[PDB]
Every structure is written in C-alpha cells, then in structure tokens.
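In structure tokens, the next block holds one chain alone, the form deposited in one PDB entry.
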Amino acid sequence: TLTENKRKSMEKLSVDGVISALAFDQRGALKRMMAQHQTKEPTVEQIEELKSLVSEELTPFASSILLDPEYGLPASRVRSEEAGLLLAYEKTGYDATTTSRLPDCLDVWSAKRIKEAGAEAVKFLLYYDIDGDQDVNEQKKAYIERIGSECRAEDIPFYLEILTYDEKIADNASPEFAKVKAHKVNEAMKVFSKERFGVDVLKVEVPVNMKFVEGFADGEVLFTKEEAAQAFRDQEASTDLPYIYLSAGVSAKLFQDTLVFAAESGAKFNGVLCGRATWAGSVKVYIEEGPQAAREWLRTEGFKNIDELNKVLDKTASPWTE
C-alpha cells in the first residue's frame, strides 16, 4: 500500500493509472550513437542539448520522462509541466571480464539527492541471473534492500528495472537464451516482488522473445502462440506489483504488436518505459544538421512515433490503480 507521498508521485508519473513514460537515461550508449555521425568526440554540451531537445519536444506526449543525473538535469527542467520525472540511480554497463554484473549506485548520488533534484521516482537497473552464482545474487539482493529502504525513507517511488541474462550464454538474442527467457524474467520478478525489496514498480522485459513465436517469427519458430501466451500469464502470475515493459531486440512495430499480444494473453501490465525507438532518428539529424533540424524531426517523425505507441498503450495497458 502506497504512502500519501508515494501515491502523489505515482500519479504525477502516469495518466489514469497508466505509465506512458519516455526512457532517455542513455549515457555511454547515446554518446556512442552520436560518435557515428561526427569525427570529434561528442561533447557534454552536445549531449545535454540533445537530451533537452528530446525532453522539450516529446514530453508533451508522455506521462513522464526518465533521465540520468549525469547529462539529463537541464533536460529535466524543460520537460512539459504535465510530465513527471524519474532519475536513474545506477552506473551504466557491466564488467565484461566477469559474469557477476554487480550493481553500483552513482558515486555522488543518494535517493535523497534524487528527490531534491525534483524526481518523482528513483529508477535503478539490476542485471539478474536467477540461476547464477548464489553469493553474487546474495550481494545483489542486499544491495536492492538498501535502495528500497532509502526510497521508503525519502518517500519516493522505487522503480526497479530488471534485465535478465545467463552467466553461460553470451547472447540474449540467441535461441538458447530464448528457451530459458521466461524462467529468467518471471522468477526474477517473483524474487524482487518480495516485500523486503521495497519496490513500487517493476520495469521488465516481456517474458518471451517474440521473434521466435509462431505468427511473429520470420525464421525458426520455437514457440506456438499458446506457448508464448502462457509465458505472459506466468509473468502476470509472478507479481502483484505494478509492472511496465521495456522494449529490446525488436522493431517499434513488433513491440506494439507484442503489447497487443500481451493484453490478449491476459497480462495486466501497467504501461511502458520506452525510448530509443522514438527519438533514435533525431540523433543523426542533430549531429549532422543541428538543433533546429533536430527539433523539426522530433516534431514530425518523433511525434508520429510516440503517437502510434500511445494509441496502442491506450488500448492494451491496464491501470495500476487496482
């Protein structure tokens, strides 16, 4: 049950119980995208500006925006007044030399400081392999307990993002991983739905790799529609917390088709925290043609993209408000 302040914050992040949030806390990933289109290293000024442009042009069409404290603070101050704010709390990436992918908060940040920076939610990404090293997972669970406790104290919603993996499978897009994905996703949600983690909303993957599902696949078919549908019902049965989907490994259209398939299957998901697909194309335009050009792209292609997603969400998502 939400405290008064957490409920107020949840309300600021959604519309009629549905979270239609724009994810733009990309840091290293965004810089790498930018570097594709110019010779000089992308600058802090360029990065901050592009985030500000996306925030200004697209938040009128989003219930909230997720930004990073590193480059995203100016962008947060120019968001639509109707849109709420989440700030990321985790350091990006993971050590490729090991399989542990341990969580680490930004060095000079705390839940209190995230709140003071005007956020209505603390977001934190955790990599989790339910079948992995038990001592590694013990450390991960302890770390999430601390964060959930911070958020309880600061009275600010805790959005926990879970990205699954397997210590022994290098490629999550592989058929090998696809066969175990539902297990990884749904069992991880079951663990992190425990009261002791203090989570208010789970940001999670769809529990199936739709590219291998009958009727969605163009190549090999690993699952029938009924099998895929059962993975969604299992996911729904894994938690009683609000949860929202992130998009990965799929085209904007497939993600939208997945949202429809999810709702048809019985998943009562409560929205999305989705980004790249919507503003991606503006990065090239910003680098090559400049800010005003980027605005124009966002006002046209950007809007068209977010609009189509919104219409789908509007007919697929269920409200977290019971």
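Each residue number is its position in the shown sequence, starting from 1. For clarity, a rigid core is taken as the largest C-alpha set superposing within 1.5 Å between two forms.
Omitted from view is the form solved in complex with a small molecule, to which the following refers.
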Of the residues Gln256, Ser52, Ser63, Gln26, which one places a heavy atom within 4.5 Å of the small molecule in the entry with it bound?
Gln26
The unique member of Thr224, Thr92, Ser174, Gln230 whose heavy atoms fall within 4.5 Å of the small molecule in the entry with it bound
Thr92
So which stretch, 28 to 36, 262 to 270, 41 to 49, 55 to 63, is the one near the small molecule in the entry with it bound (non-hydrogen atoms, 4.5 Å)?
28 to 36
Rigid core fitted, then: does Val260 show a CA shift of 2 angstroms or greater between the shown form and the other one?
no
